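Here is the structure we will look at, set down as structure tokens.
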Amino acid sequence: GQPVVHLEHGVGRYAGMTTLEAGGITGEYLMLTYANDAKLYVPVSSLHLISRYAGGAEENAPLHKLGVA
Amino acid sequence: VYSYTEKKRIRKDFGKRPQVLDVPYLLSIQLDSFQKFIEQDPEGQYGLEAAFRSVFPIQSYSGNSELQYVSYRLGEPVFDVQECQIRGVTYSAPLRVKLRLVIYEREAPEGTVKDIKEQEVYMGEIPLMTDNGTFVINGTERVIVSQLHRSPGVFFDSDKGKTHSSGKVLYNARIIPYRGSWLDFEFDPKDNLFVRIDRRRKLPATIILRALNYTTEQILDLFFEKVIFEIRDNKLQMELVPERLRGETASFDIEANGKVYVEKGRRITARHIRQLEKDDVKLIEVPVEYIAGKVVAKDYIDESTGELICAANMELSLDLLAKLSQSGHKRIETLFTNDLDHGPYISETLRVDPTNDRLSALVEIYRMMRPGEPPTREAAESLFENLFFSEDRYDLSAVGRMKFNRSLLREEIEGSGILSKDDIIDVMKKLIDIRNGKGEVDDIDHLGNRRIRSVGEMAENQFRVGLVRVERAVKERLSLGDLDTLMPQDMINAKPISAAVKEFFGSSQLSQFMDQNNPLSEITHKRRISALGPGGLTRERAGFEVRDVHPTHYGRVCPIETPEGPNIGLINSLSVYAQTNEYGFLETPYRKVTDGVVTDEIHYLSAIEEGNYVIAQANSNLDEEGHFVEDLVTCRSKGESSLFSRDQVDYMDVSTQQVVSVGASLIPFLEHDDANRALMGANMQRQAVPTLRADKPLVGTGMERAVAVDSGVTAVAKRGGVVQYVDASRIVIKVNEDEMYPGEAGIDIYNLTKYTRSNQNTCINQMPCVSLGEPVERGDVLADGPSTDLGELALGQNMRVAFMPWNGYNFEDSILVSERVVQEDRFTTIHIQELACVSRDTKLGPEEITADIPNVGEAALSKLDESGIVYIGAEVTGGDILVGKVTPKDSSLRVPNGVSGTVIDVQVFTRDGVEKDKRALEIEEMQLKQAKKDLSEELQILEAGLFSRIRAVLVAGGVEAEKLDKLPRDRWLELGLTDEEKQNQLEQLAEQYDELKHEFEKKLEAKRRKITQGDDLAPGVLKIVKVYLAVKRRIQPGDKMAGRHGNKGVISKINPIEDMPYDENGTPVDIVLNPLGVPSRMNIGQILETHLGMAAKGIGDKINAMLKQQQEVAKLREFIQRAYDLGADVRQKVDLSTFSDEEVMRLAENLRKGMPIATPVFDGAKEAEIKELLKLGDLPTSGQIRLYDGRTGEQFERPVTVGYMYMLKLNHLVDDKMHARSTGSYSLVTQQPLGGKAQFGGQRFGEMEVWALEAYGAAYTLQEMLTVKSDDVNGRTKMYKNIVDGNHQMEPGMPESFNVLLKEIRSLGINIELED
RNA sequence: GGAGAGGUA
């Protein structure tokens, strides 16, 4: 649940590790839940774009949308 | 053995065959199909999942990225069924699919994941299936019949000498995929072989053979045998096969082993082959002339020069043999041919073949398929390959593969969904074999060749074809670059799928309106089996062969039930016990017959399997052991009947009544009437109007309760219980203790649909058929729907009938009816009409519904309210005002002329964002209060049930009945109790109580939202008001009633009772039919019915007399028991002694209007038992009694037949037809009177009538009729003036339509005109 | 006004 920043897209909430098939190759991914429950699976190999939240608002961070009279 | 409720009225039953299998659930074939269409199948071989997995994934052309499928889901329906019926929107469900776009890394090798994203994209709404099966598109509930299309696969057909006038048949073969291009092979009159694709230009087949990279010698090897000649020391000592010697004649001296086996001019006897094989000779010296006109199998070339001496498929000549011999050739292979065994059909086509190589064959194929477009070396190959071997564009379903392998004597019942070289090769081999005689042509009308198809498959196909468009869109999108920022939402579009499915459901040749003026109507309509539609033959180009009943219809399709007229044999109805095969064929049950014992175990046989075994029919007299008393038993062996031994049988029918439809199953004494008249009786039975209060038919066939309960009209209890409270509107049942679930006890509750218009303007409502404190059992009826009585079908009324002429008033088929039928008022029928009025928005501003209108007296306005809307319950008459509407510059709606009735319901709808007038707010508030009070009552009833349960669980282990009532229910849940599961149950019930509280508290708000919100509407319409009139059509001379045996008639007169014939006993008859009808149209069933019904009524009357004076149960039990006795070994065997001695009283009460009688269609009650039953009553056994005339009073000689008959009043009312027009509107393009009763149109003086007038000398009248009464404007204007002025004269002029024709012609280049 | 579906004689 720890907020995570991926510079490509934005701010999501870390939601664990998963295994996904990608055309005959089973690979491990870290799944982030962006706004409107849009899952994004980063290959564990591409861990370097996954940075920790820096705003000091881990529990008050935003959640970017992936993509009188 | 008899249910308590059943004991209210138990039908005396005839018939002797012990029923072994009850009828299955009639409405099965529908709910299962749609059920399979929508399901989460892991196998991914049903419905949506199969389609999704098929179309997906999708790969870009590069393809740097692809889009694949993951899973799907259906959201909750937005609105319930009743709401959709009210507003008139579809009862659908959203579809939400999780798609997954992946992106590779382009520079990285093939197969890698740069990134990956996904979302749940919405797409489309799919209409849902109601509990009954019907769909609701726009509050216009319709039904989808099933199709009977020929199955995909292969078929060897033959034209039966119907072409070329040569008497020579021409066998053709067809391959029909489930989705793709067809294929045909045909035999020319000249024994050539022609391929044809999709009915395009013809082609030699060997072309397509070459298309498979097949050369000449390969083909010849595949399709013929070799004969080897040996150039040797002495002139071609040829090797020989004795088997090739059948059916020839020795042309020379056949000699070997120094033995002249045969000489020239001799026919090759079998014994010649006998001596040959005995000598075991193989090589025979043959003269050179034997090779005079042969053809070489392969090519032969000179080894040294490397030059072909004789290319393959080349005739034989002496000098050619010399060239072989000098070439040193030793083995010479030629084709083994023949005229009756092996015709050289391939060789001829090969000689016809202009092409020799793969490329040119493909090129010319491409040219044939697409005229012009100079091909390329790639276009043809791509075309062919994607055409016949790309699964995506060509597909034999699993059914196709199974049937194909079946036809070719293969072993695997599973294979690929596309074709293969061997497939075509074997097809052509089989066709050639058929040409040679082996194997036989295959008919089409065989039930083993045509397949049913219910809704689900068609819906899936429509979904797929819709999906294809968005697939193409996304593919062209991904072919484009700029993929770094795409989402699986922009490229996906809902509109294509929505259109593709909505268009089909709302508007298709199979989703048709529902006839609803009967339970029977709905049932029989739902079971319909059509043969028209997409992929089906056309109504008006069908020969006799389709319409005729193939022998295989036995037990699978009712042969006697069909809509006559323009379409017979195409709207076939399903048989009763028929089932559907896993694939979609028709199966029927059969009792397995062991060695000599008829078991009760059953197997469902398909059409094809039946052709092998032997089946004895239903009525075969066995005796308790399946040991047939007889020895030459009647059996249908294979497309014919015969008498076979007592041991050879393999199967027996289930019941006599497995051959007919449910619809015809209700006709008593069917086995005596003619076929066509029974068909007519059935079709008319489908059209009965429900009466005011139904009456059981005295003489049923016993199929009544099944039809009633299986239909959705009646409210059938689901879990036996006890009536806790009854009302005209709702019912509540305290559930039985055992049927109750452990948690969430609750109590059962039902609500009743009151008067609501049917599809045919006939009101429908339900009435309870039980009182308080009445125990009930699971599956028992509770609320009588239309034309039902105590949970059994009851359409018409049973009445006293007599057969005799009477002053000609029943001359042809007119039916004379006494006055009691109307006085007692047992045929009046209620009807409901809906009238609408809109407020368009037009120039000169819009218009409104103000109560004030110009140039009208207050008299008409007296009935409207201040708003401009009539009050509910007002009794309007013809030509009134319902809603006052204005001319923006008087469009007030008015009652249609002639119609009377009462307003019962008003509704209104407004565009959103528009203020609402007084009445609209009033109705909104009233609905608010209604819903509030309704939910309050429901909630408190449920809470009462819950606290009753809580009290029940506290009766043991600490029961203090005082303490229960000391402090009220508010504080009961918290009471202490011994520690066990009881405490868990207490907590469970309290939790359910709080949950009920919350559920109600939210549901109230939900309903408030639904009510208060605005209404969507079509553009331009500001608001719409609807009003419901109720009418009671009673009866008139002219109406059309009928009996059940196709003996229809038109009521003609209403005599007063005093003129009616009356018996010596003083009871006058109520209907007088014409005896003359019976003999010509042989339907004795009505006469037998009359006799039997008279007997039943006599029994009922005797019981009523016994009851009138007080008679203790002692006599009643005796008499009723004896009545239920006197069967010819009937299977009823009902015992009175077991009854509570008061159920006896109630049963007698229910029987005082007759004793119901059952009669299975082909197990009916013969004459003798009717005679005995009559004699149980004091009626004359002869059936005919003497009568006395109403007017004269004297007796009629010639004792007359009288009795009772069940009769229906059909839905062709005289008031609906009688129509007239003096001078009304006028068509626009042509100035003629409009047509149809809806408009105030006039009749059509047709061409034949013009001929007829010409036949008489009548000229003036014709001229006037087609000049001044219809067309010539000025003529009719001045004619109107003249007629007003009392001067009958006319001025012809010229018809306008002729000028129309003149202008139309002149629009073409034709100059046409009138001379001087 | 025109299409399509169903239905009656």
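Simple scheme: letters A, B, ... for chains in structure tokens order, numbers from 1 for residues in each chain, numbers from 1 for ligands in the order shown.
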
**Request:** For chain C, list the residues within 8 Å of chain B, counting only C-alpha atoms (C1' of nucleotides), and write the list as a ChimeraX atom specification.
**Result:** /C:4-6

Suppose we keep C-alpha atoms (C1' of nucleotides); can you now write the selection as a PDB file, in the first residue's frame?
```pdb
ATOM      1  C1'   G C   4     -40.616  -6.321 -42.707  1.00  0.00           C
ATOM      2  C1'   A C   5     -43.313  -9.958 -39.327  1.00  0.00           C
ATOM      3  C1'   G C   6     -47.632 -12.345 -37.934  1.00  0.00           C
TER       4        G C   6
END
```

**Prompt:** What are the DSSP strand (DSSP E) residues of chain A, as a PyMOL selection string?
**Reply:** chain A and resi 3-6+10-21+26-34+38-43+50-52

Show me, as a PDB file with N, CA, C and O atoms, in the first residue's frame, every residue of chain A with an atom at most 7 Å from chain B, counting only C-alpha atoms.
```
ATOM      1  N   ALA A  38      -6.752   1.204 -11.934  1.00  0.00           N
ATOM      2  CA  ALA A  38      -6.047   0.834 -13.155  1.00  0.00           C
ATOM      3  C   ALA A  38      -4.736   0.161 -12.767  1.00  0.00           C
ATOM      4  O   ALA A  38      -3.809   0.820 -12.286  1.00  0.00           O
ATOM      5  N   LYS A  39      -4.659  -1.149 -12.972  1.00  0.00           N
ATOM      6  CA  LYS A  39      -3.465  -1.888 -12.596  1.00  0.00           C
ATOM      7  C   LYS A  39      -2.352  -1.673 -13.612  1.00  0.00           C
ATOM      8  O   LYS A  39      -2.580  -1.626 -14.823  1.00  0.00           O
ATOM      9  N   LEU A  40      -1.133  -1.544 -13.096  1.00  0.00           N
ATOM     10  CA  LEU A  40       0.055  -1.396 -13.926  1.00  0.00           C
ATOM     11  C   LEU A  40       1.119  -2.340 -13.394  1.00  0.00           C
ATOM     12  O   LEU A  40       1.478  -2.265 -12.216  1.00  0.00           O
ATOM     13  N   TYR A  41       1.622  -3.218 -14.255  1.00  0.00           N
ATOM     14  CA  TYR A  41       2.540  -4.280 -13.856  1.00  0.00           C
ATOM     15  C   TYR A  41       3.930  -3.959 -14.384  1.00  0.00           C
ATOM     16  O   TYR A  41       4.202  -4.124 -15.578  1.00  0.00           O
ATOM     17  N   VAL A  42       4.804  -3.507 -13.492  1.00  0.00           N
ATOM     18  CA  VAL A  42       6.177  -3.170 -13.852  1.00  0.00           C
ATOM     19  C   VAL A  42       7.016  -4.439 -13.758  1.00  0.00           C
ATOM     20  O   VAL A  42       6.996  -5.096 -12.710  1.00  0.00           O
ATOM     21  N   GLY A  67      -2.537   6.968 -17.659  1.00  0.00           N
ATOM     22  CA  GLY A  67      -2.789   7.339 -19.039  1.00  0.00           C
ATOM     23  C   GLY A  67      -3.006   8.829 -19.212  1.00  0.00           C
ATOM     24  O   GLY A  67      -2.898   9.356 -20.319  1.00  0.00           O
TER      25      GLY A  67
END
```

**Request:** Find the residues around residue 3 of chain B up to 12 Å (only C-alpha atoms (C1' of nucleotides) counted), leave out those fewer than 2 positions away in its own chain, and share them as a PyMOL selection string.
**Result:** chain B and resi 1+5-10+720+775-780+1139+1143

Write out, as a PDB file, in the first residue's frame, the residues just selected, with N, CA, C and O atoms.
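Final output, again15.pdb:
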```pdb
ATOM      1  N   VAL B   1     -51.568 -40.964  -1.053  1.00  0.00           N
ATOM      2  CA  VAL B   1     -51.043 -40.881  -2.411  1.00  0.00           C
ATOM      3  C   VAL B   1     -51.592 -39.647  -3.118  1.00  0.00           C
ATOM      4  O   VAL B   1     -51.019 -39.182  -4.102  1.00  0.00           O
ATOM      5  N   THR B   5     -54.698 -30.746  -1.434  1.00  0.00           N
ATOM      6  CA  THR B   5     -55.240 -29.860  -2.450  1.00  0.00           C
ATOM      7  C   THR B   5     -55.815 -30.615  -3.627  1.00  0.00           C
ATOM      8  O   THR B   5     -56.875 -30.232  -4.134  1.00  0.00           O
ATOM      9  N   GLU B   6     -55.143 -31.671  -4.070  1.00  0.00           N
ATOM     10  CA  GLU B   6     -55.633 -32.508  -5.151  1.00  0.00           C
ATOM     11  C   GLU B   6     -57.022 -33.056  -4.879  1.00  0.00           C
ATOM     12  O   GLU B   6     -57.795 -33.253  -5.823  1.00  0.00           O
ATOM     13  N   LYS B   7     -57.353 -33.297  -3.616  1.00  0.00           N
ATOM     14  CA  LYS B   7     -58.621 -33.892  -3.233  1.00  0.00           C
ATOM     15  C   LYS B   7     -59.800 -32.949  -3.399  1.00  0.00           C
ATOM     16  O   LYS B   7     -60.945 -33.387  -3.253  1.00  0.00           O
ATOM     17  N   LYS B   8     -59.565 -31.669  -3.688  1.00  0.00           N
ATOM     18  CA  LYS B   8     -60.686 -30.776  -3.952  1.00  0.00           C
ATOM     19  C   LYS B   8     -61.520 -31.273  -5.121  1.00  0.00           C
ATOM     20  O   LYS B   8     -62.755 -31.237  -5.071  1.00  0.00           O
ATOM     21  N   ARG B   9     -60.860 -31.737  -6.175  1.00  0.00           N
ATOM     22  CA  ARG B   9     -61.555 -32.221  -7.362  1.00  0.00           C
ATOM     23  C   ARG B   9     -60.604 -33.166  -8.077  1.00  0.00           C
ATOM     24  O   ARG B   9     -59.554 -32.733  -8.559  1.00  0.00           O
ATOM     25  N   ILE B  10     -60.966 -34.439  -8.138  1.00  0.00           N
ATOM     26  CA  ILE B  10     -60.126 -35.466  -8.737  1.00  0.00           C
ATOM     27  C   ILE B  10     -60.848 -36.018  -9.956  1.00  0.00           C
ATOM     28  O   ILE B  10     -61.940 -36.584  -9.842  1.00  0.00           O
ATOM     29  N   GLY B 720     -44.160 -25.702   0.467  1.00  0.00           N
ATOM     30  CA  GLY B 720     -45.394 -25.891   1.206  1.00  0.00           C
ATOM     31  C   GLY B 720     -45.381 -25.169   2.540  1.00  0.00           C
ATOM     32  O   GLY B 720     -44.348 -24.992   3.180  1.00  0.00           O
ATOM     33  N   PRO B 775     -53.528 -25.216   4.866  1.00  0.00           N
ATOM     34  CA  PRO B 775     -52.221 -25.801   4.563  1.00  0.00           C
ATOM     35  C   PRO B 775     -52.044 -25.967   3.067  1.00  0.00           C
ATOM     36  O   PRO B 775     -52.985 -26.280   2.336  1.00  0.00           O
ATOM     37  N   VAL B 776     -50.814 -25.751   2.613  1.00  0.00           N
ATOM     38  CA  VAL B 776     -50.474 -25.857   1.203  1.00  0.00           C
ATOM     39  C   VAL B 776     -49.177 -26.633   1.086  1.00  0.00           C
ATOM     40  O   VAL B 776     -48.411 -26.754   2.047  1.00  0.00           O
ATOM     41  N   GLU B 777     -48.938 -27.169  -0.101  1.00  0.00           N
ATOM     42  CA  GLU B 777     -47.791 -28.017  -0.359  1.00  0.00           C
ATOM     43  C   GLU B 777     -46.997 -27.469  -1.533  1.00  0.00           C
ATOM     44  O   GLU B 777     -47.513 -26.738  -2.383  1.00  0.00           O
ATOM     45  N   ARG B 778     -45.723 -27.843  -1.566  1.00  0.00           N
ATOM     46  CA  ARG B 778     -44.812 -27.327  -2.572  1.00  0.00           C
ATOM     47  C   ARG B 778     -45.340 -27.617  -3.968  1.00  0.00           C
ATOM     48  O   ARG B 778     -45.838 -28.708  -4.254  1.00  0.00           O
ATOM     49  N   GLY B 779     -45.239 -26.618  -4.838  1.00  0.00           N
ATOM     50  CA  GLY B 779     -45.656 -26.775  -6.215  1.00  0.00           C
ATOM     51  C   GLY B 779     -47.147 -26.762  -6.452  1.00  0.00           C
ATOM     52  O   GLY B 779     -47.584 -27.144  -7.541  1.00  0.00           O
ATOM     53  N   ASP B 780     -47.945 -26.338  -5.480  1.00  0.00           N
ATOM     54  CA  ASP B 780     -49.387 -26.276  -5.651  1.00  0.00           C
ATOM     55  C   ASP B 780     -49.818 -24.863  -6.033  1.00  0.00           C
ATOM     56  O   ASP B 780     -49.182 -23.876  -5.669  1.00  0.00           O
ATOM     57  N   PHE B1139     -60.640 -40.949   3.193  1.00  0.00           N
ATOM     58  CA  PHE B1139     -60.865 -39.517   3.268  1.00  0.00           C
ATOM     59  C   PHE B1139     -61.391 -39.107   4.635  1.00  0.00           C
ATOM     60  O   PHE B1139     -61.965 -39.904   5.380  1.00  0.00           O
ATOM     61  N   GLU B1143     -63.606 -33.693   3.724  1.00  0.00           N
ATOM     62  CA  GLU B1143     -63.149 -33.534   2.357  1.00  0.00           C
ATOM     63  C   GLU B1143     -64.104 -34.219   1.403  1.00  0.00           C
ATOM     64  O   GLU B1143     -64.249 -33.779   0.261  1.00  0.00           O
TER      65      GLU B1143
END
```

Need the shell around residue 383 of chain B: protein/DNA/RNA residues with any atom at most 12 Å away, counting only C-alpha atoms (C1' of nucleotides). Skip same-chain ones fewer than 5 positions apart. Format as an mmCIF file with N, CA and C atoms, in the first residue's frame?
```cif
data_model
loop_
_atom_site.group_PDB
_atom_site.id
_atom_site.type_symbol
_atom_site.label_atom_id
_atom_site.label_comp_id
_atom_site.auth_asym_id
_atom_site.auth_seq_id
_atom_site.Cartn_x
_atom_site.Cartn_y
_atom_site.Cartn_z
ATOM 1 N N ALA B 211 -4.039 -26.748 -57.575
ATOM 2 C CA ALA B 211 -3.894 -25.677 -56.596
ATOM 3 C C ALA B 211 -3.209 -26.170 -55.332
ATOM 4 N N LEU B 362 -3.696 -20.979 -60.033
ATOM 5 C CA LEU B 362 -4.075 -19.990 -59.035
ATOM 6 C C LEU B 362 -4.457 -18.674 -59.698
ATOM 7 N N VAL B 363 -3.724 -18.284 -60.739
ATOM 8 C CA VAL B 363 -3.987 -17.011 -61.403
ATOM 9 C C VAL B 363 -5.384 -17.006 -62.005
ATOM 10 N N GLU B 364 -5.717 -18.046 -62.764
ATOM 11 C CA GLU B 364 -7.037 -18.088 -63.372
ATOM 12 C C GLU B 364 -8.122 -18.197 -62.312
ATOM 13 N N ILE B 365 -7.851 -18.899 -61.211
ATOM 14 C CA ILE B 365 -8.806 -18.940 -60.108
ATOM 15 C C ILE B 365 -9.084 -17.528 -59.616
ATOM 16 N N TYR B 366 -8.015 -16.778 -59.354
ATOM 17 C CA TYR B 366 -8.161 -15.399 -58.910
ATOM 18 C C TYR B 366 -8.983 -14.602 -59.905
ATOM 19 N N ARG B 367 -8.715 -14.792 -61.196
ATOM 20 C CA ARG B 367 -9.481 -14.075 -62.206
ATOM 21 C C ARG B 367 -10.959 -14.422 -62.110
ATOM 22 N N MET B 368 -11.272 -15.708 -61.964
ATOM 23 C CA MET B 368 -12.666 -16.116 -61.852
ATOM 24 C C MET B 368 -13.326 -15.447 -60.655
ATOM 25 N N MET B 369 -12.667 -15.485 -59.499
ATOM 26 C CA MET B 369 -13.272 -14.930 -58.297
ATOM 27 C C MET B 369 -13.442 -13.423 -58.376
ATOM 28 N N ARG B 370 -12.530 -12.726 -59.050
ATOM 29 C CA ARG B 370 -12.552 -11.268 -59.127
ATOM 30 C C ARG B 370 -12.309 -10.877 -60.578
ATOM 31 N N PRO B 375 -4.027 -9.882 -62.092
ATOM 32 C CA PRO B 375 -3.492 -10.443 -60.849
ATOM 33 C C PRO B 375 -1.984 -10.289 -60.754
ATOM 34 N N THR B 376 -1.464 -10.697 -59.605
ATOM 35 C CA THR B 376 -0.036 -10.791 -59.366
ATOM 36 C C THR B 376 0.290 -12.187 -58.859
ATOM 37 N N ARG B 377 1.580 -12.507 -58.845
ATOM 38 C CA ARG B 377 2.009 -13.818 -58.388
ATOM 39 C C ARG B 377 1.672 -14.061 -56.926
ATOM 40 N N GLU B 378 1.355 -13.014 -56.172
ATOM 41 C CA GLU B 378 1.023 -13.137 -54.761
ATOM 42 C C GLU B 378 -0.464 -13.025 -54.487
ATOM 43 N N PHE B 388 -9.538 -20.756 -48.146
ATOM 44 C CA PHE B 388 -9.958 -22.111 -47.828
ATOM 45 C C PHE B 388 -9.186 -22.756 -46.690
ATOM 46 N N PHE B 389 -8.187 -22.086 -46.120
ATOM 47 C CA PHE B 389 -7.421 -22.698 -45.045
ATOM 48 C C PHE B 389 -7.049 -21.750 -43.916
ATOM 49 N N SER B 390 -7.492 -20.499 -43.945
ATOM 50 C CA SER B 390 -7.356 -19.612 -42.800
ATOM 51 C C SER B 390 -8.599 -19.748 -41.933
ATOM 52 N N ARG B 393 -11.526 -17.030 -41.538
ATOM 53 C CA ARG B 393 -12.519 -16.736 -42.563
ATOM 54 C C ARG B 393 -13.276 -17.978 -43.007
#
```

**Message:** What's around residue 17 of chain B at 8 Å? Count only C-alpha atoms (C1' of nucleotides), leave out sequence neighbours fewer than 5 positions away in its own chain, and write the answer as a PyMOL selection string.
**Reply:** chain B and resi 619+655+1131+1163

**Request:** Write out as a PyMOL selection string the residues lying within 10 Å of residue 20 of chain A, counting only C-alpha atoms (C1' of nucleotides) and excluding same-chain residues fewer than 5 positions away.
**Result:** chain A and resi 25-29+41+43

The selected residues should be written to file as a CSV table (one decimal), in the first residue's frame (atoms: C-alpha atoms).
```
chain,number,residue,atom,x,y,z
A,25,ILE,CA,6.8,-16.1,-20.9
A,26,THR,CA,5.9,-16.0,-17.3
A,27,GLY,CA,7.4,-13.0,-15.6
A,28,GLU,CA,7.3,-11.4,-12.2
A,29,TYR,CA,5.9,-7.9,-11.9
A,41,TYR,CA,2.5,-4.3,-13.9
A,43,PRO,CA,8.7,-6.0,-14.6
```

**Request:** List every residue of chain A that DSSP, applied to the backbone of this structure, assigns to helix (DSSP H, G or I), and report them as JSON, numbers by chain.
**Result:** {"A": [35, 36, 37, 44, 45, 46, 47, 48, 49]}

How would the residues just chosen look if you wrote them out with N, CA and C atoms as an mmCIF file, in the first residue's frame?
```cif
data_model
loop_
_atom_site.group_PDB
_atom_site.id
_atom_site.type_symbol
_atom_site.label_atom_id
_atom_site.label_comp_id
_atom_site.auth_asym_id
_atom_site.auth_seq_id
_atom_site.Cartn_x
_atom_site.Cartn_y
_atom_site.Cartn_z
ATOM 1 N N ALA A 35 -5.349 5.616 -10.226
ATOM 2 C CA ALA A 35 -6.721 6.056 -10.038
ATOM 3 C C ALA A 35 -7.675 5.179 -10.837
ATOM 4 N N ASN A 36 -8.884 5.013 -10.304
ATOM 5 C CA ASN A 36 -9.918 4.189 -10.929
ATOM 6 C C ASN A 36 -9.489 2.731 -11.038
ATOM 7 N N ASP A 37 -8.611 2.293 -10.137
ATOM 8 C CA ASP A 37 -8.239 0.885 -10.040
ATOM 9 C C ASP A 37 -7.612 0.385 -11.340
ATOM 10 N N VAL A 44 9.879 -6.777 -12.711
ATOM 11 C CA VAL A 44 10.800 -6.646 -11.587
ATOM 12 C C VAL A 44 12.182 -6.237 -12.078
ATOM 13 N N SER A 45 12.535 -6.611 -13.309
ATOM 14 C CA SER A 45 13.808 -6.181 -13.873
ATOM 15 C C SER A 45 13.874 -4.663 -13.980
ATOM 16 N N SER A 46 12.781 -4.036 -14.403
ATOM 17 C CA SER A 46 12.706 -2.580 -14.517
ATOM 18 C C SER A 46 12.318 -1.937 -13.188
ATOM 19 N N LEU A 47 13.075 -2.267 -12.143
ATOM 20 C CA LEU A 47 12.809 -1.762 -10.802
ATOM 21 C C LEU A 47 13.264 -0.323 -10.610
ATOM 22 N N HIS A 48 14.124 0.183 -11.489
ATOM 23 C CA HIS A 48 14.779 1.464 -11.257
ATOM 24 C C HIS A 48 13.876 2.667 -11.497
ATOM 25 N N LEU A 49 12.777 2.517 -12.231
ATOM 26 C CA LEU A 49 11.816 3.601 -12.380
ATOM 27 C C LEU A 49 10.831 3.662 -11.223
#
```

**Item:** Non-local contacts of residue 1025 of chain B (9 Å; only C-alpha atoms (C1' of nucleotides); under 2 positions in same chain excluded) as number ranges by chain
**Value:** B: 835-839, 883, 906-909, 1023, 1027

Please, could you write that set of residues out with N, CA and C atoms as a CSV table (one decimal), in the first residue's frame?
```csv
chain,number,residue,atom,x,y,z
B,835,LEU,N,-54.7,4.8,-25.2
B,835,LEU,CA,-54.7,5.9,-26.1
B,835,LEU,C,-53.7,7.0,-25.6
B,836,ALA,N,-52.9,7.5,-26.5
B,836,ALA,CA,-51.8,8.4,-26.2
B,836,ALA,C,-52.1,9.8,-26.8
B,837,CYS,N,-51.4,10.8,-26.2
B,837,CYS,CA,-51.5,12.1,-26.8
B,837,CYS,C,-50.1,12.8,-26.5
B,838,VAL,N,-49.5,13.4,-27.5
B,838,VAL,CA,-48.2,14.0,-27.3
B,838,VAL,C,-48.4,15.5,-27.4
B,839,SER,N,-47.3,16.2,-27.0
B,839,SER,CA,-47.3,17.7,-27.1
B,839,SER,C,-46.0,18.0,-27.9
B,883,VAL,N,-58.1,14.5,-23.4
B,883,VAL,CA,-57.2,15.5,-23.1
B,883,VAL,C,-57.3,16.7,-24.0
B,906,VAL,N,-54.3,6.7,-15.8
B,906,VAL,CA,-53.7,7.8,-16.5
B,906,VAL,C,-52.3,7.9,-16.1
B,907,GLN,N,-51.4,8.3,-17.1
B,907,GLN,CA,-50.0,8.5,-16.8
B,907,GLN,C,-49.5,9.6,-17.7
B,908,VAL,N,-48.4,10.2,-17.3
B,908,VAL,CA,-47.8,11.4,-18.0
B,908,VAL,C,-46.3,11.3,-17.9
B,909,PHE,N,-45.7,11.9,-18.9
B,909,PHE,CA,-44.2,11.9,-18.9
B,909,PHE,C,-43.8,13.2,-19.5
B,1023,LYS,N,-44.2,16.4,-23.9
B,1023,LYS,CA,-44.7,15.4,-22.9
B,1023,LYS,C,-45.7,14.5,-23.6
B,1027,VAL,N,-53.9,7.1,-21.5
B,1027,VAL,CA,-55.1,6.8,-20.8
B,1027,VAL,C,-55.6,5.4,-21.2
```
